[PDB]
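Containing CSV, C-alpha atoms: structure_39.csv.
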```csv
chain,number,residue,atom,x,y,z
A,168,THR,CA,75.5,110.7,25.8
A,169,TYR,CA,72.9,109.0,28.0
A,170,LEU,CA,70.1,106.5,27.7
A,171,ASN,CA,66.8,107.8,26.4
A,172,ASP,CA,64.5,106.7,29.2
A,173,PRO,CA,64.9,107.3,33.0
A,174,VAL,CA,64.0,103.8,34.0
A,175,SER,CA,66.5,102.3,31.6
A,176,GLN,CA,68.9,104.9,33.0
A,177,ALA,CA,68.3,103.5,36.5
A,178,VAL,CA,68.8,99.9,35.3
A,179,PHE,CA,72.1,100.9,33.7
A,180,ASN,CA,73.1,102.6,36.9
A,181,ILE,CA,72.4,99.4,38.9
A,182,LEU,CA,74.1,97.2,36.4
A,183,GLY,CA,77.1,99.3,35.4
A,184,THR,CA,78.3,101.3,38.4
A,185,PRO,CA,81.9,99.9,38.9
A,186,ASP,CA,83.4,99.4,42.3
A,187,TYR,CA,86.0,101.9,43.7
A,188,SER,CA,88.6,99.1,43.5
A,189,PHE,CA,88.6,99.5,39.7
A,190,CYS,CA,90.2,103.0,40.2
A,191,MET,CA,93.1,101.5,42.3
A,192,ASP,CA,95.9,99.0,41.9
A,193,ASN,CA,95.5,95.3,42.1
A,194,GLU,CA,96.8,95.3,45.6
A,195,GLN,CA,94.0,97.6,46.7
A,196,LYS,CA,96.4,99.9,48.4
A,197,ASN,CA,96.9,103.1,46.4
A,198,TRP,CA,94.7,105.1,44.0
A,199,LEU,CA,95.3,106.0,40.4
A,200,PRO,CA,96.2,109.5,39.1
A,201,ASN,CA,93.5,109.4,36.4
A,202,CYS,CA,90.3,107.4,36.3
A,203,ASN,CA,87.4,108.3,34.1
A,204,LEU,CA,85.3,105.5,35.7
A,205,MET,CA,82.4,106.7,37.8
A,206,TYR,CA,82.7,104.3,40.7
A,207,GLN,CA,80.1,104.1,43.5
A,208,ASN,CA,82.0,106.3,45.9
B,201,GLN,CA,103.1,79.9,39.3
B,202,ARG,CA,104.9,82.1,36.8
B,203,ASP,CA,103.4,80.2,33.8
B,204,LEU,CA,100.0,80.7,35.4
B,205,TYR,CA,100.6,84.4,35.8
B,206,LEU,CA,101.8,84.6,32.2
B,207,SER,CA,98.6,82.9,31.0
B,208,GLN,CA,96.8,85.4,33.1
B,209,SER,CA,98.6,88.4,31.6
B,210,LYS,CA,95.5,90.6,31.0
B,211,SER,CA,94.2,90.1,34.5
B,212,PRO,CA,96.1,90.8,37.7
B,213,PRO,CA,98.7,90.3,39.1
B,214,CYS,CA,100.9,90.9,36.0
B,215,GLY,CA,98.1,93.0,34.5
B,216,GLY,CA,96.3,96.1,35.7
B,217,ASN,CA,98.6,98.3,37.9
B,218,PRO,CA,100.9,95.8,39.6
B,219,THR,CA,103.1,96.7,42.5
B,220,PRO,CA,106.8,97.1,41.4
B,221,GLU,CA,108.0,93.9,43.1
B,222,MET,CA,105.0,92.0,41.6
B,223,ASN,CA,106.0,93.4,38.2
B,224,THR,CA,109.6,92.4,38.7
B,225,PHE,CA,108.5,88.9,39.6
B,226,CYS,CA,106.3,88.8,36.5
B,227,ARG,CA,109.0,89.9,34.1
B,228,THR,CA,112.2,88.1,35.3
B,229,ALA,CA,112.3,84.3,35.0
B,230,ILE,CA,113.7,81.9,37.6
B,231,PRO,CA,117.1,80.4,37.3
B,232,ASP,CA,118.1,76.8,37.9
B,233,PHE,CA,118.7,76.3,41.6
B,234,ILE,CA,121.0,73.3,41.4
B,235,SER,CA,123.7,75.2,39.4
B,236,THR,CA,124.0,77.8,42.1
B,237,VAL,CA,125.5,75.4,44.7
B,238,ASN,CA,129.2,74.5,44.2
B,239,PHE,CA,131.2,73.5,47.3
B,240,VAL,CA,134.7,73.8,45.7
B,241,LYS,CA,134.1,77.4,44.5
B,242,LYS,CA,132.6,78.4,47.8
B,243,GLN,CA,135.4,76.9,49.9
B,244,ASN,CA,138.0,78.5,47.6
B,245,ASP,CA,136.2,81.9,48.1
B,246,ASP,CA,136.3,81.5,51.9
B,247,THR,CA,139.9,80.4,52.1
B,248,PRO,CA,142.5,83.2,51.6
B,249,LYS,CA,144.6,82.7,48.5
B,250,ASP,CA,147.9,82.8,50.5
C,260,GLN,CA,66.5,128.2,41.4
C,261,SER,CA,70.1,127.9,42.5
C,262,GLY,CA,70.4,126.3,45.9
C,263,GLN,CA,73.7,124.5,46.1
C,264,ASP,CA,76.9,125.4,44.4
C,265,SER,CA,78.2,121.9,44.8
C,266,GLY,CA,76.6,118.4,44.7
C,267,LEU,CA,73.5,117.2,43.1
C,268,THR,CA,71.2,120.2,42.9
C,269,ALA,CA,67.9,121.0,41.1
C,270,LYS,CA,67.3,124.3,39.3
C,271,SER,CA,63.6,123.8,38.5
C,272,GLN,CA,60.4,122.5,40.1
C,273,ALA,CA,60.5,119.5,37.7
C,274,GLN,CA,64.1,119.0,38.5
C,275,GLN,CA,63.1,119.1,42.2
C,276,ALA,CA,60.6,116.3,41.6
C,277,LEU,CA,63.2,114.3,39.6
C,278,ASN,CA,65.7,114.7,42.4
C,279,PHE,CA,63.1,113.5,44.9
C,280,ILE,CA,62.6,110.5,42.7
C,281,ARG,CA,66.3,109.8,42.6
C,282,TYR,CA,66.5,110.1,46.4
C,283,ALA,CA,63.4,108.0,47.3
C,284,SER,CA,64.2,105.3,44.7
C,285,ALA,CA,67.6,104.7,46.5
C,286,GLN,CA,69.5,105.7,43.4
C,287,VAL,CA,72.0,107.9,45.2
C,288,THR,CA,73.7,104.8,46.7
C,289,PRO,CA,74.4,102.3,44.0
C,290,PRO,CA,75.1,98.6,44.8
C,291,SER,CA,78.5,97.3,45.5
C,292,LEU,CA,80.0,95.6,42.5
C,293,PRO,CA,82.8,92.9,42.8
C,294,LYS,CA,86.3,93.9,43.7
C,295,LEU,CA,88.7,93.9,40.8
C,296,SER,CA,91.2,91.5,42.4
C,297,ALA,CA,88.6,89.0,43.6
C,298,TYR,CA,86.6,89.1,40.4
C,299,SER,CA,89.7,88.6,38.3
C,300,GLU,CA,90.8,85.6,40.4
C,301,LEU,CA,87.3,84.1,40.2
C,302,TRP,CA,86.8,84.7,36.5
C,303,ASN,CA,90.2,83.4,35.6
C,304,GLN,CA,89.2,80.1,37.1
C,305,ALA,CA,85.7,80.3,35.7
C,306,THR,CA,86.8,80.8,32.0
C,307,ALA,CA,89.4,78.1,32.3
C,308,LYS,CA,90.3,76.2,29.2
C,309,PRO,CA,89.4,72.5,29.1
C,310,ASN,CA,92.1,70.5,30.8
C,311,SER,CA,94.8,73.0,30.0
```

Will you turn the file into structure tokens for me?
Amino acid sequence: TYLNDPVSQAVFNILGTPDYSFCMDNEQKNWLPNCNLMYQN
Amino acid sequence: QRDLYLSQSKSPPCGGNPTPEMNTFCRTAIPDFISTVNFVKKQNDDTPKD
Amino acid sequence: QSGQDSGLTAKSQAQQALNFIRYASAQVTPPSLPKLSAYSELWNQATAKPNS
């Protein structure tokens, strides 16, 4: 489900769009097989 | 350093998806370095028994 | 309307206006949030226990 108002939706997009590094290992070298996170890329 | 890593278990390096060698370092402890040096045993190993 | 089989596409005039708003408001490129490793390193120092 998503937020009720488009402006609050935009604010949540600005605040809570994780970096692509969160879908990779701590060495920032290889990707992960599964990642439900919607990173910026 | 290993105690710091242990107290940082949730976060990297011991957390997340560590590299296999980083995971190995995180798990295994370090032995005492002094006890690993023994001149008599080393010389006996080098010298043939005969 | 059915224009693009892939990517962000609008199927109605209202959705066309909404997509224009998304494009003009620079919402298709989100800001860059901190790296996982760097943020973990910084936060671990930041939330440090008192003299421990």

Using only C-alpha atoms, which residues of chain A come within 9 Å of chain C, and what is the closest atom pair for each, with the distance in Å to one decimal? Give it as CSV, sorted by chain and residue number.
```
residue,atom,partner,partner_atom,distance
A:177,CA,C:286,CA,7.3
A:180,CA,C:289,CA,7.2
A:181,CA,C:289,CA,6.2
A:182,CA,C:290,CA,8.6
A:183,CA,C:292,CA,8.5
A:184,CA,C:289,CA,6.9
A:185,CA,C:292,CA,5.9
A:186,CA,C:292,CA,5.1
A:187,CA,C:294,CA,8.0
A:188,CA,C:294,CA,5.7
A:189,CA,C:295,CA,5.7
A:191,CA,C:295,CA,8.9
A:192,CA,C:296,CA,8.9
A:193,CA,C:296,CA,5.7
A:194,CA,C:296,CA,7.5
A:195,CA,C:296,CA,8.0
A:207,CA,C:289,CA,6.0
A:208,CA,C:288,CA,8.5
```

Chain B residues near chain A (12 Å cut-off, only C-alpha atoms) as a PyMOL selection string: chain B and resi 211-223

Given all atoms listed in the file as the basis, pick out the residue of B:210, B:242, B:202, B:249 nearest to chain C.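 Among the listed residues, the smallest separation from chain C belongs to B:210.
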
Pick from C:274, C:304, C:310, C:268, whichever lies nearest to chain B using all atoms listed in the file: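 Answer, going by the shortest atom-to-atom distance: C:304.
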
Which is closer to chain B than all the others in C:261, C:279, C:298, C:309, using all atoms listed in the file?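 Result for the nearest residue to chain B: C:298.
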
Separation of atom CA of residue C:301 and atom CA of residue B:226, in Å?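 Result for atom CA of residue C:301 versus atom CA of residue B:226: 19.9 Å, one decimal.
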
Each side padded by 3 Å, which centre and which edge lengths in Å (one decimal) define the axis-aligned box around the listed atoms of stretch 214-230 of chain B? Give them as lines of an AutoDock Vina configuration file.
```
center_x = 105.0
center_y = 90.1
center_z = 38.6
size_x = 23.4
size_y = 22.4
size_z = 15.0
```

Where atoms are absent from stretch 172-184 of chain A, fill them in so it carries N, CA, C and O atoms, then output it as an mmCIF file, in the frame of the given file.
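Resulting contents of out-v2.cif:
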```
data_model
loop_
_atom_site.group_PDB
_atom_site.id
_atom_site.type_symbol
_atom_site.label_atom_id
_atom_site.label_comp_id
_atom_site.auth_asym_id
_atom_site.auth_seq_id
_atom_site.Cartn_x
_atom_site.Cartn_y
_atom_site.Cartn_z
ATOM 1 N N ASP A 172 65.647 106.830 28.299
ATOM 2 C CA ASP A 172 64.500 106.700 29.200
ATOM 3 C C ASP A 172 65.043 106.624 30.661
ATOM 4 O O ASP A 172 66.008 105.898 30.919
ATOM 5 N N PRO A 173 64.420 107.330 31.609
ATOM 6 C CA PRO A 173 64.900 107.300 33.000
ATOM 7 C C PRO A 173 64.970 105.966 33.646
ATOM 8 O O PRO A 173 65.876 105.688 34.439
ATOM 9 N N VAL A 174 63.993 105.105 33.361
ATOM 10 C CA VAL A 174 64.000 103.800 34.000
ATOM 11 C C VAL A 174 65.127 102.935 33.476
ATOM 12 O O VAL A 174 65.801 102.243 34.251
ATOM 13 N N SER A 175 65.372 102.963 32.164
ATOM 14 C CA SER A 175 66.500 102.300 31.600
ATOM 15 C C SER A 175 67.826 102.916 32.134
ATOM 16 O O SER A 175 68.830 102.222 32.316
ATOM 17 N N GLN A 176 67.805 104.224 32.391
ATOM 18 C CA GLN A 176 68.900 104.900 33.000
ATOM 19 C C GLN A 176 69.211 104.302 34.404
ATOM 20 O O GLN A 176 70.361 104.029 34.765
ATOM 21 N N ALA A 177 68.153 104.107 35.192
ATOM 22 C CA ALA A 177 68.300 103.500 36.500
ATOM 23 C C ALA A 177 68.813 102.089 36.428
ATOM 24 O O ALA A 177 69.656 101.665 37.227
ATOM 25 N N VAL A 178 68.299 101.325 35.463
ATOM 26 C CA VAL A 178 68.800 99.900 35.300
ATOM 27 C C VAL A 178 70.231 99.916 34.931
ATOM 28 O O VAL A 178 70.995 99.092 35.448
ATOM 29 N N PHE A 179 70.662 100.811 34.040
ATOM 30 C CA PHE A 179 72.100 100.900 33.700
ATOM 31 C C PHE A 179 72.930 101.317 34.857
ATOM 32 O O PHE A 179 74.072 100.869 34.995
ATOM 33 N N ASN A 180 72.413 102.218 35.692
ATOM 34 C CA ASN A 180 73.100 102.600 36.900
ATOM 35 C C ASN A 180 73.315 101.410 37.826
ATOM 36 O O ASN A 180 74.392 101.207 38.394
ATOM 37 N N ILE A 181 72.263 100.610 37.993
ATOM 38 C CA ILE A 181 72.400 99.400 38.900
ATOM 39 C C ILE A 181 73.357 98.438 38.287
ATOM 40 O O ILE A 181 74.198 97.891 39.009
ATOM 41 N N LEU A 182 73.283 98.191 36.979
ATOM 42 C CA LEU A 182 74.100 97.200 36.400
ATOM 43 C C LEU A 182 75.575 97.643 36.237
ATOM 44 O O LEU A 182 76.510 96.884 36.513
ATOM 45 N N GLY A 183 75.779 98.886 35.816
ATOM 46 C CA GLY A 183 77.100 99.300 35.400
ATOM 47 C C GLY A 183 77.732 100.419 36.226
ATOM 48 O O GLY A 183 78.356 101.327 35.670
ATOM 49 N N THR A 184 77.587 100.356 37.550
ATOM 50 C CA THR A 184 78.300 101.300 38.400
ATOM 51 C C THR A 184 79.510 100.469 38.984
ATOM 52 O O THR A 184 79.323 99.653 39.897
#
```
